[PDB]
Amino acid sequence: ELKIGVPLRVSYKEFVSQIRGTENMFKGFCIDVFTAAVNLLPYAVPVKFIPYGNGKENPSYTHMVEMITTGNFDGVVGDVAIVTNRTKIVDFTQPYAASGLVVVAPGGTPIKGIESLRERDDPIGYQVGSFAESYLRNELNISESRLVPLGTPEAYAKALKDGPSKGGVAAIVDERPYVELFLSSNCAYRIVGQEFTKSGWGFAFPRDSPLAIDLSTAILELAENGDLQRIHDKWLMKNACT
């Protein structure tokens, strides 16, 4: 029986959430893809889902994956970006979902994309517990003092409305999937510029886990037979702004 860490999300629960009144029961896009993939394997994979987080805010996804290395988890299943600092310590499947950082801002500001954001000294929103915090500091050398953690689409919307003057932000940097959910309920804001990273979401296992290999060929079967699209459309189909 594999102990599988699952992030205890407080927001964008379409991706994955703990079913209310349970410890070990989860639902969402990521759970459905995991389940569909495992069922395509020719051996049984018994699983216990173990919640990772205090349940008050989204957990550190990097610290979550780090629990595989200490042996606390046999695997992590969730909306987990396949980024270098994680791939060096655990083995991911190939991505089951496309992701990548975008800039979200109000229309017709000085923010035209990630480069404009770097040239300026405005405060930047990112999602609590995201790798995005680390990409901004280390890869793009953005100052720690500019970075504002936001937990939910309500907080996103408040931060963008208040703006830099009133303790909010000029823009938020976050993965496209959360930004698409955010905008479908908050059409006053837009993506400006393009995706400037392209790391997908994958299932995480210990270094040399054959599960990482096998599930990648399950993901190909899910892609071809159209179940990936079907499971996307079940959870994430939303009313667009344009």
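So that there is no doubt, residue numbering starts at 1 and follows the sequence shown.
### Task
Determine if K238 is unmodelled in a third or more of the other PDB entries compared for this protein.
Affirmative; at least a third of those entries omit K238.
### Query
Once you work out the mean C-alpha B-factor for both 80-88 and 162-170 from the entry, which is higher?
The entry gives the higher C-alpha B-factor average to 162-170.
### Greater mean Cα temperature factor according to the PDB record, 44-52 or 183-191
Mean C-alpha B-factor is greater for 183-191.
### Query
Highest CA temperature factor in the entry: which of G129, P95, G75, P123?
Most elevated C-alpha B-factor of the set, per the entry: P123.
### Task
Divide the modelled residues of the chain into thirds by Cα B-factor and specify which third, lowest, middle or highest, holds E221.
Ranked within chain, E221 CA B lands in the middle tercile.
### Task
Classify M237 as lowest, middle or highest third according to the C-alpha B-factor given in the PDB entry, relative to its own chain.
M237: CA B-factor falls in the highest third of its chain.
#### Entry: Chain third (lowest, middle, highest) by recorded CA B-factor, residue given as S11
Answer is lowest: the recorded C-alpha B-factor places it there.
### Query
Should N24 be placed in the lowest, middle or highest third of its chain by the C-alpha B factor in the entry?
Bottom third by C-alpha B-factor.
### Task
Divide the modelled residues of the chain into thirds by Cα B-factor and specify which third, lowest, middle or highest, holds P149.
It belongs to the middle third of the chain when residues are ordered by C-alpha B-factor.
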